[PDB]
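Undergrad: the sequence isn't on hand, but the structure is:
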Ligand SMILES: *[C@@H]1O[C@H](CO)[C@@H](O[C@@H]2O[C@H](CO)[C@@H](O)[C@H](O)[C@H]2NC(C)=O)[C@H](O)[C@H]1NC(C)=O
């Protein structure tokens with residue numbers, strides 16, 4: 001609610017006039033509580049019995065329009081009943097009508113400002129809610145309200161017409177309704193004017209995302225009712241990663257330490273998954289502790305995991321022209337079950353005439369040893385080893401790996417076993 005003219009303020013703020021001189025009369029009184037009150041009266045009806053007709057106007061000072069598009073007016077007034085006056089069959093009324101006119105400049109100093117020939121626009125005729133003049137303080141004081149269609153010039157005048165009533169204007173209040181600036185739906189909306197055209201019409205208002213918000217792909221919008229309230233919205237922003245709603249649809253606050261928020265929007269932060277920390281606020285993800293990782297496939301809400309330890313309990317057995325390597329699971333799997341194994345083969349030479357200080361050649365196997373499923377990428381703790389030579393001594397190493405350890409190797413954890421093919425000379429004691 002934004003005031004453009006109030007009679008109960010700074011004593012009246014009055015420069016008004018009356019078209020037929022003496023048509024309206026300013027009479028000042030004391031109101032129910034203590035206060036000087038400028039009021040205007042028109043009761044010519046008690047004059048000549050023909051009346052000779054009544055057309056007595058009362059015009060305001062130029063009202064600046066400030067930004068209002070739709071002016072509301074609130075009148076307080078007494079009206080004397082026609083039954084309670086001299087014999088005034090016909091000529092007496094109990095109503096007055098109400099007008100406005102627009103101007104972009106106050107009325108033309110002294111050289112046009114006898115108005116009344118200017119095009120006045122009618123607003124409505126007003127009547128009292130019944131059951132000279134003068135407010136007695138018996139709450140004969142009627143209150144009525146009306147409003148004027150769109151205001152576009154710099155200001156306006158308002159005029160009052162008495163055509164046979166015994167009237168006492170007591171108070172006038174000219175205002176417009178405004179919608180307050182507000183935080184709604186994670187956005188800010190400005191103070192917004194304007195019914196404009198009248199009661200049903202709305203005025204559309206654009207919002208900006210508050211601290212740490214984004215649109216909801218939708219860029220926000222909110223609508224200003226003709227009485228200053230905010231009718232229903234479209235769109236709205238959402239909070240940002242690392243930020244959660246706070247004070248309710250109204251702001252976004254950073255996650256506290258040890259919490260995070262991966263993603264989109266109006267959703268509270270959640271505490272860090274296993275083996276991660278959020279050392280600081282506004283965390284979008286909790287990084288893993290030293291020695292732990294998250295795989296390609298791991299979302300930020302996954303716990304962090306680690307690479308495996310070495311395979312255990314290597315052993316083997318011969319089956320025809322080939323040899324089967326066996327082992328068991330690592331004692332530490334890092335909290336993931338995408339464990340798979342890799343086997344390396346080495347043919348080792350060694351202790352003969354030269355190189356008596358660790359003299360094993362230990363090259364890798366030839367291209368004629370094909371391991372039965374794969375040699376690399378095994379999910380099972382076994383492999384069949386193909387074409388390895390008769391007395392040549394081999395060494396078979398088994399590496400463990402899982403879905404991290406792309407992420408840091410240190411070299412993969414491993415185990416190996418000395419292996420020699422054939423056996424002879426039965427036991428004699
Ligand atoms: C596989 O066999 C080799 C050779 O027989 C083993 O080698 C030696 O290990 C001892 C201590 O255990 C060292 O003192 C020697 O110097 C090593 N030899 C050489 C040539 O360096 C080896 O330990 C065995 N490893 C497995 C896993 O079976």
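TA: Sure, I can see it. Numbering: from 1, shown residues only.
Undergrad: residue of the stretch 251-400 of the chain nearest the ligand, please.
TA: residue 358 (3.8 Å; CB to the nearest ligand atom). Every residue, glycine included, has its C-beta placed from N, CA and C.
Undergrad: just the stretch 51-200 of the chain next, same as before
TA: For the stretch 51-200 of the chain and the ligand, the shortest gap (CB to the nearest ligand atom) falls at residue 186, measuring 63.9 Å.
Undergrad: wait, that residue touches residue 236, no?
TA: Yes: contact criterion CB atoms under 8 Å: residue 186 and residue 236 qualify, at 5.6 Å.
Undergrad: looking at the two, which is more packed in?
TA: Higher neighbour count among residue 186 and residue 236: residue 186, with 27 against 22, using other CB atoms under 10 Å.
Undergrad: for the more buried one, which non-adjacent residue is spatially closest?
TA: Nearest residue to residue 186 in three dimensions, chain neighbours excluded: residue 237, at 4.2 Å (CB to CB, 6 or more residues apart in numbering).
Undergrad: what does the stretch 101-250 of the chain have sitting close to the ligand?
TA: Proximity of the stretch 101-250 of the chain to the ligand is not found for any residue under the rule CB under 6 Å from any ligand atom.
Undergrad: centre-most residue in this protein?
TA: For the chain, the residue sitting closest to the mean C-alpha position, by CA atoms, centre = their mean, is residue 186 at 1.8 Å.
Undergrad: so who does that residue touch?
TA: With contacts defined as CB atoms under 8 Å, 6 or more residues apart in numbering, residue 186 is in contact with 209-210, 213, 220, 236-239, 245, 249-252, 266.
Undergrad: go on, residue 310?
TA: Each residue near residue 310 by CB under 8 Å, 6+ apart is listed here: 330, 398, 400, 413, 414, 415.
Undergrad: out of the residues you listed, which are inside strands?
TA: Here DSSP state E is the test, and the contacts of residue 310 give 398, 400, 414, 415 as lying in strands.
Undergrad: for the second one, which non-adjacent residue is spatially closest?
TA: Of all residues not flanking residue 400 in the chain, residue 308 sits nearest, at 4.2 Å (CB to CB, 6+ apart).
Undergrad: kindly report the same for the third one.
TA: Closest residue to residue 414 apart from its sequence neighbours, by CB to CB, 6+ apart: residue 399 at 4.4 Å.
Undergrad: ok, the one you found touching residue 416?
TA: No: in this structure, residue 399 is not within contact of residue 416 by CB under 8 Å, at 9.5 Å.
Undergrad: more neighbours: those two, which one.
TA: Remark: of residue 399 and residue 416, residue 399 carries more neighbours, 20 against 16, as counted by other CB under 10 Å.
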